[PDB]
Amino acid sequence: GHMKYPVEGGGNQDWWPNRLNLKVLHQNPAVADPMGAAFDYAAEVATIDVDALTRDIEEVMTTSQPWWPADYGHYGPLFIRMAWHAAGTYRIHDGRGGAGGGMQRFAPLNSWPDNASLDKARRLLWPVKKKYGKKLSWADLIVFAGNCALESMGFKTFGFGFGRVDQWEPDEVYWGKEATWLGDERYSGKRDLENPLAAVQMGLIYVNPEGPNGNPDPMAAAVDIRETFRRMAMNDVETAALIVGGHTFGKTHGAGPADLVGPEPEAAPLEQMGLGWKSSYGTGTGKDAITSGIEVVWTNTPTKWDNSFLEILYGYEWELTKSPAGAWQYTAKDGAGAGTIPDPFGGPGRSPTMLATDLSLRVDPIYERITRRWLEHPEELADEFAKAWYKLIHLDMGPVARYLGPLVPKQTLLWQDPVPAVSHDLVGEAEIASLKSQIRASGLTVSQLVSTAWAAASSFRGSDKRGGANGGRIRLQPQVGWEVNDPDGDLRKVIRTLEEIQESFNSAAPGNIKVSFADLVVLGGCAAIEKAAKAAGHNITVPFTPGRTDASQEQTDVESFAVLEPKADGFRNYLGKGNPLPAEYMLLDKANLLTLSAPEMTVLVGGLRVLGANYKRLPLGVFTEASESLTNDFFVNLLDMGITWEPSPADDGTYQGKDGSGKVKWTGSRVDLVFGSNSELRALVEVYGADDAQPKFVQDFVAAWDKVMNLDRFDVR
């Protein structure tokens, strides 16, 4: 290699390529954010004139620009594409991707080959952003532009939520191992796609427009479509709807040779003002645009919603052919339909053309059955597409509470994981006290109590904001029978006891107050923690925010929740099979998902260990002599040089810690030892392990607990 300046990207990952990267816990730091801590986007966007906004976007769409002139004089379709690529990175495995951070404007995504030209697309909207300033995020604007495009070309959309917060440095996501753009080192078996990924190649949104690995076989392309879309939460109906609806607008761009297209934005030179893919071919823009290399124009009404796409697809026979840049497309057999497809810049007509993936929709059995139906019933398409699209651009916004502004529809949807609205008066300070008492009297140990509250709350992920302790989904499928949550243990026992306390309280009922199961689960941990803190000479009181409600099993899509099952929870010292990296990297990814900082992550492991939140209540990492008592013993003992650590002879990624007389005194996993071993983590352990550290540990621990308990609580935030 060759070490570089830090200003030029060099650092410690250059010496030890595989070390833990603690930087994933301080993504998008306050200092980096020019808005200042005062700033509350929700507050700003809810003052926004939506009509004025729509009018301003419409004006942009219909005002062509020298530096990237507009197909058919209307940018709408490009804006639709844009919005789709914005939302289309989302994947269900980890909730990462999606249009929620406006990440498309930063690396790597701003320079993905599949996002060619979208740089131009984004730039075009600056005039709108200029006008709205802080009241409108890029995150919100990019997908809204796509939604206004649909409107302005006569398709009525189902609604729209504002509220995506802009970020100031790019979100670090794992996009695959491939070191080259468009590479494919991500399949095995018949055609099994590497988790978590939901594209077929590096730098693609979903599938190859020319079919798997460039091979234009529609039956084969469908398998990839089906699979990648499933992993972006779209089933068969939604998928079909999405592509047909999509390609009812605009056209592709492959006017001349692929190799006359310069380098992508991050590699572009300075005078290009952050715009890449400059074309030496022709004018290089407009008439001559090379984006994807393909040259299809799907409908004869590229800037209007109607049924041509499905009509064209079924109303001809198709034969293989090559774009002016040598790309596989389809075109109509025996020169049928010649001249009926209009030119983007008033040239002559053109023949009916289609992507290999478009034919999938007629050639695959399931896609056909669906799309033939909509050929004779377009108002069914217009309905399904309205729905899919809405879901597509809202998938990663989590709880419906977050959706903002005039256009949010009245109706809730299953994939929003909804929860009943608060229907009664909420418990006050007195009933809270009262209940806490009752919960300790219930004979549920601190261990069960905390184990449970954690199990509930920690199901959350910051990525798409799904999961959490709201909804009380811990008692429904599939959460109630997750390995890590342990059904074999006593979770059912704990649930039952808690429901009983709920009912009791709910008869007693002072006035019109009721308590939900969801609140009670969380309250339980809070009570337990209060107890465990006393049992080690502290009178701390753990804060609690009531308001959670209880979902029915009907409001809970079992299949959808599959993806939140922890395969690894270092906080509960759980590690089941098939994680990509060893235990400790899993811990970090998990902390990153819970929106925790390294300090927060540290104290939680500390506290959780000694409260015996541990899975199967194993002794690993429980470096205390005391039972169910909240102390920093974890930290003090971790730092004890009188203990000597070796891997267990019974080889199984666990370890023994012996003292001066050779007795095994402590055992522990990798997740436990990495805190005393990694120099950054050990630095933190030394803070909480000092002699003066006790009250501060208890404080910081509670502050963190309470943070995790509140992660999904957008309803009050």
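In this text, residue numbers run from 1 along the sequence as written.
Asker: May I ask you to compare 359-367 and 319-327 by their mean CA B factor in the entry and name the higher one?
Answerer: Mean B over CA atoms: larger for 319-327.
Asker: Using only the Cα atoms and their B-factors as the entry lists them, report which of 214-222 and 600-608 averages higher.
Answerer: The deposited B-factors put 214-222 ahead on the C-alpha mean.
Asker: Considering only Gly467, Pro344, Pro582, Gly159, which residue's Cα atom bears the greatest B-factor as recorded?
Answerer: Spelled out: the listed residue with the top C-alpha B-factor is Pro344.
Asker: Highest CA temperature factor in the entry: which of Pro378, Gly88, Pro127, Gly524?
Answerer: Across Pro378, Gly88, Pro127, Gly524, the entry lists the biggest C-alpha B-factor for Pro378.
Asker: Once the chain's modelled residues are ordered by C-alpha B factor and cut into thirds, is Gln201 in the lowest, middle or highest one?
Answerer: Its C-alpha B-factor, which the entry lists for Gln201, ranks in the middle third among residues of this chain.
Asker: Going by the CA temperature factor in the PDB record, which third of the chain does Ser677 belong to: lowest, middle or highest?
Answerer: Bottom third by C-alpha B-factor.
Asker: Just say lowest, middle or highest third for the CA B-factor of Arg496 relative to the other modelled residues in its chain.
Answerer: Ranked within chain, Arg496 CA B lands in the middle tercile.
Asker: Rank-wise, by C-alpha B-factor, drop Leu684 into the lowest, middle or highest third of its chain.
Answerer: Lowest third - that is where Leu684 ends up once the chain's C-alpha B-factors are sorted.
Asker: Tell me, lowest, middle or highest third: where does the Cα B factor of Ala32 rank within its chain?
Answerer: For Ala32, the deposited C-alpha B-factor lands in the lowest third.
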